[PDB]
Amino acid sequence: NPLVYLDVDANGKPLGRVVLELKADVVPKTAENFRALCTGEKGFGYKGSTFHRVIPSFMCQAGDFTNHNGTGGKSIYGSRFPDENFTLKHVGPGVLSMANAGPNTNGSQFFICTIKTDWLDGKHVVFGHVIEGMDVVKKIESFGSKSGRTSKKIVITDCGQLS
């Protein structure tokens, strides 16, 4: 399975590195989309974009590199893509899953759970998990709010593939 990284800053100050394992063994199409958006190999992707909606005791959401507000993004497949399967579940903190706007609306937006979000099982495609840097995710979460607006600008300053 690929390993990818997100290096995250808050108001220009480094928070550290999040390392994610992508479950290409279970959801290959969804994993590949995220992998390629981390490397930027298609000329666009996550580098320089933000965590735009962060809600404590819920999740940290990112990946809207077109509109920066939860309305946009772009997949590697030319259009929004179907829910590949719902095999993997939102079992606890560190689960990596696709944001969406209803069924079969996967793009580039994603979230990292900070609790078990089991009511999302069967609705959002889980495709990986944090293997290093959960403390970085907890720091991101600490800048969230009930509305999801962040109290500092949380930027993916670099991202890419490790292996």
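Rigid core: the largest C-alpha set superposing within 1.5 Å between the two forms. In case it trips you up, residue 1 is the first one in the sequence shown, and so on.
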Farther-lying stretch by C-alpha RMS in 9 other deposited structures of this protein, rigid core as reference, of 88-96 and 74-82: 74-82
Stretch exceeding the other in mean C-alpha B-factor - 15-23, 144-152: 144-152
Top Cα B factor in the deposited entry, candidates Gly107, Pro56, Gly45, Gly122: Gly122
Criterion, highest CA B-factor; candidates, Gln61, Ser97, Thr66, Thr30: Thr66
Chain thirds of CA B-factor: placement of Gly70: lowest
Chain-relative CA temperature factor third for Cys159: middle
Third of chain Cα B-factors occupied by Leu37: lowest
Entry-reported Cα temperature factor of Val137, expressed as the chain third it lands in: lowest
Lowest, middle or highest third - CA B-factor, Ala101: highest
